[PDB]
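In case you want the letters, here they are:
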Amino acid sequence: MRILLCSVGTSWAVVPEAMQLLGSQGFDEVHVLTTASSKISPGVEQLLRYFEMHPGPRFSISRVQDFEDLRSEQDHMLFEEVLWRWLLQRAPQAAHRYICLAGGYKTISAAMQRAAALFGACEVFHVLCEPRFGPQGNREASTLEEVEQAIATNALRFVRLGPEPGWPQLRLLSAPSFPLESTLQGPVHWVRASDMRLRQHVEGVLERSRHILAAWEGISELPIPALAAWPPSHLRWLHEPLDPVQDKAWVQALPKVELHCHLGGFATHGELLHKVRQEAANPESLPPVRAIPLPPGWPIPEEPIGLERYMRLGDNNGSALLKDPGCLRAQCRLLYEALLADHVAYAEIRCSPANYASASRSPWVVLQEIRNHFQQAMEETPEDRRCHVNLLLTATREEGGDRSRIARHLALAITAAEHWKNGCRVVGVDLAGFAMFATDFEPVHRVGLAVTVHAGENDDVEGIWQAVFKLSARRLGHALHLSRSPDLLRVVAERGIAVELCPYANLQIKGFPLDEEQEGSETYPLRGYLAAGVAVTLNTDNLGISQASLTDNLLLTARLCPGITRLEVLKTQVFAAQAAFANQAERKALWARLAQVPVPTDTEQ
Amino acid sequence: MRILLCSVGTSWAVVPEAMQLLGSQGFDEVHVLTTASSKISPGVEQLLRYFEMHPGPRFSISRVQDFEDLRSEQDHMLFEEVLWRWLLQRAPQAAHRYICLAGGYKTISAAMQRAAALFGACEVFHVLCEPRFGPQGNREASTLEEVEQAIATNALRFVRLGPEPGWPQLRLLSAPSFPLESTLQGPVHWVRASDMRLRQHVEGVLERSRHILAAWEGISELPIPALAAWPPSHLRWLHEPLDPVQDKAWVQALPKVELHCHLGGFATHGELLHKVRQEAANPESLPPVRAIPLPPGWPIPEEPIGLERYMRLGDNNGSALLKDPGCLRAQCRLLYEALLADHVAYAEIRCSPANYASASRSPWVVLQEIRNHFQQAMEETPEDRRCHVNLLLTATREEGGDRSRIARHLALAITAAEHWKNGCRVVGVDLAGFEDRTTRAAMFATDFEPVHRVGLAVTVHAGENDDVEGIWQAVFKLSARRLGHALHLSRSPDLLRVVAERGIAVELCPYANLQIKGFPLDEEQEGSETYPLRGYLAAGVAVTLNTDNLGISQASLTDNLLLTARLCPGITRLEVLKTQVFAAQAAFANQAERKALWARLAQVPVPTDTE
Ligand SMILES: Nc1ncnc2c1ncn2[C@@H]1O[C@H](COP(=O)(O)OP(=O)(O)OP(=O)(O)O)[C@@H](O)[C@H]1O
Ligand SMILES: Nc1ncnc2c1ncn2[C@@H]1O[C@H](COP(=O)(O)OP(=O)(O)OP(=O)(O)O)[C@@H](O)[C@H]1O
Ligand SMILES: [Zn+2]
Ligand SMILES: [Zn+2]
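Chain B is annotated in the PDB entry as CRISPR-associated ring nuclease and adenosine deaminase, subunit A of Thermoanaerobaculum aquaticum. According to its PDB record, this entry is titled "CryoEM structure of Cad1 bound with cA4 and ATP, hexamer with three intact dimers". The record held by UniProt for chain B lists under Sequence similarities (unreviewed entry) the comment "Belongs to the metallo-dependent hydrolases superfamily. Adenosine and AMP deaminases family."

As recorded in the PDB entry, chain A goes by the name CRISPR-associated ring nuclease and adenosine deaminase, subunit A, listed as coming from Thermoanaerobaculum aquaticum. The UniProt entry for chain A carries the following text under Cofactor (unreviewed entry): "Zn(2+)". Under the UniProt heading Sequence similarities (unreviewed entry), the note attached to chain A is "Belongs to the metallo-dependent hydrolases superfamily. Adenosine and AMP deaminases family."

A. Main features of the coordination of the zinc ion (ligand 4). Residue and element names in this part refer to chain B. The coordination sphere of the zinc ion (ligand 4) contains the protein donors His260 (NE2), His262 (NE2) and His461 (ND1), at a distance range of 2.3 Å. Counting along the primary sequence, the residues that act as donors to the zinc ion (ligand 4) give the motif H-x1-H-x198-H. With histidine 262 in strand β9 (residues 261–262) and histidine 461 in the loop between β13 (457–460) and α15 (469–477), this pair connects stretches of sequence that are 199 residues apart. Here the two residues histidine 262 and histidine 461 agree in accessibility, since each one is buried.

B. Structural context of the site of ligand 1. Residues and elements named next belong to chain A. Surrounding ligand 1, one finds 16 residues, the nearest of these being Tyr310, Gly318, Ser319, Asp541 and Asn542. One nitrogen or oxygen atom from the side chain of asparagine 355 is found 3.3 Å from an oxygen atom belonging to ligand 1. One of the side-chain nitrogen or oxygen atoms of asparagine 542 is found 2.7 Å away from a nitrogen atom of ligand 1. Summarising the interface, the protein chains cover 82% of the accessible area of ligand 1, which totals 590 Å² for the free molecule. The dominant element in the shell around ligand 1, judged by the number of residues it contributes, is helix α10 (residues 306–313), at three residues. Taken together, the residues of the shell around ligand 1 break down into three nonpolar, eleven polar and two charged.

C. Quick peek at the state of the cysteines. All names here are of chain A. Going through the model one piece at a time under the given rule, you end up with zero disulfides over all chains. Residue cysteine 327 stays outside any disulfide, its sulfur separated by 11 Å from that of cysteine 332, the closest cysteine. Here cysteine 424 stays free of any disulfide, with the sulfur of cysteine 351 as its closest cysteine sulfur at 8.3 Å.

D. Quick look at the sheet that holds strand β13 (residues 450–454) of chain A. Residues and elements named next belong to chain A. Spatial strand order, β9-β10-β11-β12-β13-β14-β15-β16: eight strands in an open sheet with parallel pairing. Each end of this open sheet is capped by a strand with a single partner; those strands are β9 (257–262) and β16 (536–538). Strand-to-strand, the axes of this sheet are offset by a mean angle of 25°, without reference to chain direction. Bridge count for β13 against strand β14 (residues 475–477) is three bridges, and the pairing is parallel. When the bridges of β14 are listed, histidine 454 appears paired with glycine 477. In the packing of helix α12 (residues 325–341) onto the sheet, the strands contacted are β9, β10 (346–351) and β11 (388–394), and the crossing angle to β10 comes to about 150°.

E. Seen up close, the sheet that holds strand β4 (residues 97–100) of chain A. Residues and elements named next belong to chain A. Spatial strand order, β6-β5-β4-β1-β2-β3-β8-β7: eight strands in an open sheet with mixed pairing. Taken across any chain shown, the strands that pair with only one partner, and hence form the sheet edges, are β6 (156–160) and β7 (180–185). Along the sheet, successive strands turn relative to each other by an average axial angle of 25°, direction set aside. As defined by bridge partners, strand β2 (residues 29–34) adjoins strand β3 (residues 58–64) across six bridges and the pair is classed as parallel. Within the sheet, the bridge partner assigned to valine 30 lies in β3 and is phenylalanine 59.

F. The site of ligand 2, seen in detail. All names here are of chain B. Around ligand 2 sit 15 residues, and of these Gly264, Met311, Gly318, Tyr356 and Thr396 come closest. Between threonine 396 and ligand 2, the recorded distance is 2.9 Å, taken from a side-chain N or O atom to an oxygen atom. Here a nitrogen atom of ligand 2 and a side-chain polar atom of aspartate 548 are 3.1 Å apart. Relative to its free-state accessible area of 580 Å², ligand 2 is covered by the protein chains to the extent of 82%.

G. Examining the UniProt feature "binding site: ATP 8" (unreviewed entry) in chain B more closely. Residue and element names in this part refer to chain B. Within this numbering scheme, the UniProt entry marks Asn355, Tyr356, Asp548 and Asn549 as carrying the feature "binding site: ATP 8" (unreviewed entry). Contact partners of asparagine 355, with chain neighbours within four places excluded, come to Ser319, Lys323, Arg405 and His409. With respect to the element layout, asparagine 549 can be found in the loop between β16 (542–545) and α19 (550–553). Setting aside residues up to four positions removed in sequence, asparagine 549 forms contacts with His262, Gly265, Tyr310 and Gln554.

H. Highlighting the packing of aromatic side chains. On inspection of all chains with the given rule, the structure shows 24 aromatic pairs over all chains. Ring geometry for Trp237(A) against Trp250(A): centres 5.5 Å apart, planes inclined by 85°, an arrangement best described as edge-to-face. Highlighted residues: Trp237(A) in helix α7 (residues 232–238) and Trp250(A) in helix α8 (residues 248–253), separated in sequence by 13 residues. With respect to class, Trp237(A) is no different from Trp250(A); both count as buried. Seen from their ring centres, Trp472(B) and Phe476(B) are 5.0 Å apart, and the 40° between their planes marks the pair as tilted. With a gap of four residues between them, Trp472(B) and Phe476(B) both fall in helix α15, about one helical turn apart. You'll find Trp472(B) and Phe476(B) in the same group, each marked buried. Here the aromatic residues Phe67(A), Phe79(A) and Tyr105(A) are joined through ring pairs into a cluster of three or more.

Definitions and limits used
- Residues numbered from 1 in each chain as written, not as in the entry; some residues may be left out.
- Chains lettered and ligands numbered in written order.
- Part of a larger assembly, values for the part shown.
- Heavy atoms only, no water.
- UniProt positions renumbered as here; feature names shortened; annotations may be inferred.
- Donors = N, O, S within 2.8 Å, 3.2 Å for Na, K, Ca; no water.
- Helix = DSSP H or I, 4+ residues; strand = E, 2+ residues; numbered from the N terminus.
- Buried < 20%, exposed > 50% of the residue type's maximum accessible area, 1.4 Å probe, protein only.
- Near = heavy atom within 4 Å.
- Polar contact = N/O pair within 3.5 Å; in protein donor to acceptor, adjacent residues only side chain to side chain.
- Areas by Shrake-Rupley, 256 points an atom, 1.4 Å probe, with all protein chains shown as cover.
- Nonpolar A, V, L, I, M, F, W, Y, C, P; charged D, E, K, R; others polar.
- Disulfide = S-S within 2.5 Å.
- Pairing = 2+ DSSP bridges.
- Axes fitted to C-alpha atoms, helices over the stretch in contact; angles between N-to-C directions.
- Contact = heavy atoms within 4.5 Å.
- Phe/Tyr/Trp six-rings, centres within 6.5 Å; stacked < 30°, edge-to-face > 60°.

Next up, the structure:
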């Protein structure tokens, strides 16, 4: 099929000249666009007469209803939009599209050529006729007889511009999406354009394409491929040092990934604890709220408080309260609600069912209660904002305690792994007790559960070594002293063993220099880990005891580690996403969620 | 800095009027684009007089030497080429590029606009003149006095087409790269186009950009991010099944990766064996070349021959010959040549230095000689074709309990790991850990504790019947980071998931597996005994394709790759590329070697057919 589209100005003979472009083969369909000016009407009648005879191919004539003459740029946009829609409707297939720029204003020809290039056409040409017509033999043919004489005299010279590929994202635009109004009055189609949507869409597509092309070169220093579409100015802003104050709003909206969160350390004090206590099912076994004053300077302690004091800080919650089913469900729902506030797109809550199991509530019942509460809280949230939650069972050894709880927790995890396969699942076991525990963990690996190793109040480099190799771990928690063995900072980096760093937890437990101008020997080891290839993440540890969320941790990473580029923050998020204990469906959903990185709003300095 | 570029035609009053778009501001310099037609010479003289009587900003006139008048399309392409080059020479920066396209023909203005959009322009504007001039008071300005009175009377209604930001790969071009030759004739510069290299440059840039944008949506599915510049037809081609017959050349052209290539079976038979033998430093000490008839149909046996027989096929070479330094050097040089002839961008040759020791030659000396031979071979090759080769030491689990060689190999590996830090290096060990319920993978007994202690890697050789227990004992007790011939992995649905999650690569050898275990060939669908390549790939495992023993298997890396299309029905080309990328990513290289390998991998050879 061949459809020929041309615009006619003051001369109507252009269409007949182009009619014989390919010769006797002809064009199956011909469409002509013309202005509404009265001076064009005589040409319209002449062309109607010329079309009645030579009635071989189908014919139709289109006039721009709202355009008469070129007077300014507004009519410019008007006829540009009208021409775009007219060509879209009349030539749905680019391969069958032939266009001639002889007719219309010079700007009309330029705009039509631009439209062809942007949307594609089979061929573009301009028809020039010998001016051996009319009186004195010095004018172009302007009558039916003159046009016919020109056609049979081989006097038409065709300037074929060759194929025009079109544009990738704009080769599919169709008239139905951007319909054009046509009013029929005789044999002439009167065309009017409703809105400017198409031009705005084209401009946006072109701007996005140019941004993508500009950023295409460095497609490996961007953690997320979707960052390519970002404007070059935004990308340059991205690599600058992270400012803890001006970036609070942006870092608030990042879809984050929380991999180290304790369920028992969420509402240890404050209004959250009061809510948990009020939602209790049996408001008679609740222990008195013990007074546990916070250290001065909280949440930024003046000096470290050691691990033991840190744990003792949250003594109003946990096992000594969560044994009431109402309190447990209230705690779970409040934790999920707090997760939804920071736009956390994925989390792995760490819970210990045994600490909450009573005589009449076996640990399996408590774990099922928690899992189903979380599955509920997920199911009352739209998937476009849902925060998937997977559970980790903390199997912590007791200093002088009983291994019976460890057996309880390993068996519970092994059973929960197989029981559930959709929604909130049990992904792995956390070892908040690491020393070797080798044969105690052979069953866990045999069924394929992940294991994370929880380092706490420690300064040893053999614990980190035996975690990696004896009880094969896939994530190390709080391993702040790992460069002290240059042999292991090269196996953790080569085996992809993620290191979960908690800024506030590690600062409050131990304390590090803050907002230092230059890195020294006491600064936070985050950047040293990053530059060595380590998959270092950032988390919150205990949301309650630490008294701050993931956003605060990411923001204070700047003060703790000087000169950290927010691109490093995105790298940490991607590392967490790659380190999570997800499966194909959850992993794909998480990755689709991460691609929506919020745009900056103060990239002007 | 503000500049103006405009072509001129039969109406010479166009450039003067256009020069007042900024009005009283003026422009730093305006250049005139002109053709060789003689109908515009009076206009050129009028413009020269106007410039002389209106001094200040620099002025120039350029006439198209080869374009006298518009007759055919060739003049049009020449005009566009001249426009592009002249704009580059006079408008290297688009921030000061202002365009007025009043002059010329209809196609001249369209070419002006296309060039402006392609290379960007700060302002593109057109001039409309109110007809009030001439003797009849109806024509437009055509003389110097008419131009001046039109300017003063304000008969100009300029139109601004908007800014042209440009094109990312075409806004950085500089004039000197594509110089413009011009002949001076008084005040008018006579430009000339040396060639149309610029047009081809622009066309290539636009085509590559179109390919990038078309395949952009879905770059996460491309094994190599550099494939986004491939034509969409080629991207469709990649997603089709592989063909063993037509795809010989394309596979031969891939920059591949080798990870399972034993040095003791490279020249076990034939011309290579003779080349090795005649290189011995002690020709009279060479063991007699025995008779080792190959089974019929080799390298495609009509029935499986067994691991014992397969191993025995390599008697002519190995410990029999390689004790001689000359034979060792010949082996190394020929192996490197065989690698280069197959376009391998990274290899890990596993040797057994202790097996080649003598009374006067300690295992360390043999290892040093091998490493230095490979380093020399690497040094003489241009860096574009240099196949970075690392070494893996083999701790064979020979029956009987002999641990002298195993201990020696582990100690030698721990020593070489630090002795060398550039070029060819020792990167790990490849514990065989045989099957017979007495060695398995629990042979650890602290034997492999030191190798882990120093940061070395381990790669097991799951034998000819390990049965899921070996593949677990090795993964979870030896901390193996690769597994060889893990063909029964599908048995336990838990191992096929632990391997996928932990990212443990699986090394497969199509030809060796076919010749030893035997598999259905040329099948239409996938049955119980179908080769597990596609099964492993589906589950997410990181499967890699290698050669095992070059000499014994008598098939190079390309032969192994093409045999998958016969072993695994429906295997596609994109999956071959995915296997190459997995092999590259699962190798024991460091940052420098990995970066070189990744730079070498991006150069995928374009298909010869496309359909
Ligand atoms: N920040 C922390 N780092 C390491 N271990 C912690 C931390 N906070 C608590 N733990 C220990 O981890 C295990 C689980 O703690 P969780 O936060 O779930 O509270 P819990 O067990 O209910 O608290 P409690 O110590 O008051 O009985 C317990 O052994 C707890 O002592
Ligand atoms: N496909 C294979 N499967 C298992 N073991 C193998 C295989 N190929 C070689 N081996 C064993 O691994 C080692 C191979 O190393 P290499 O060939 O360099 O030494 P070699 O002593 O010269 O070998 P060979 O006995 O083959 O001549 C030898 O122990 C060989 O027995
Ligand atoms: Zn913790
Ligand atoms: Zn092997």
